Amino acid sequence: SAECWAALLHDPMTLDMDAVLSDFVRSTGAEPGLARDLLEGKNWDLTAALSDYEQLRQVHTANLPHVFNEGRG
């Protein structure tokens, strides 16, 4: 029984702006300037910035009236 609960990983100590910057760019594919700008607007909360960027990248049936392919769920 390992990592079954949580296992607090991916954290430097509390927050390092340069580490949060580099990982964002690595995890989203965004540029470092855009990364820094989003991060200042998220209080440099890494996961919040990751989730924000990918959300505006998802677009959940916002453009088309009804997006229904042969999907699972």
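Structure data summary
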| quantity | calculated |
| --- | --- |
| Members of segment 39-69 found to be more than 11 Å from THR28 (Cβ to Cβ) and among the small types (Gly, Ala, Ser), listed by number | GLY41, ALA48, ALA62 |
| Filter result for the condition that a residue is of a type in the set (A, V, I, L, M) and in contact with a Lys or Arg (Cβ under 8 Å, 6 or more places away or on another chain), over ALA48, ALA62 | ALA48 |
| Spans of helices (runs of 4 or more DSSP H) in the chain with at least 1 residues touching a residue at least 24 places away in the same chain (Cβ under 8 Å) | 17-28, 46-58 |
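A short reminder: the numbers here are calculations on the coordinates, not readings from a lab. Cβ coordinates were reconstructed from backbone atoms using ideal geometry, including for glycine residues, and neighbour counts include every protein chain displayed.
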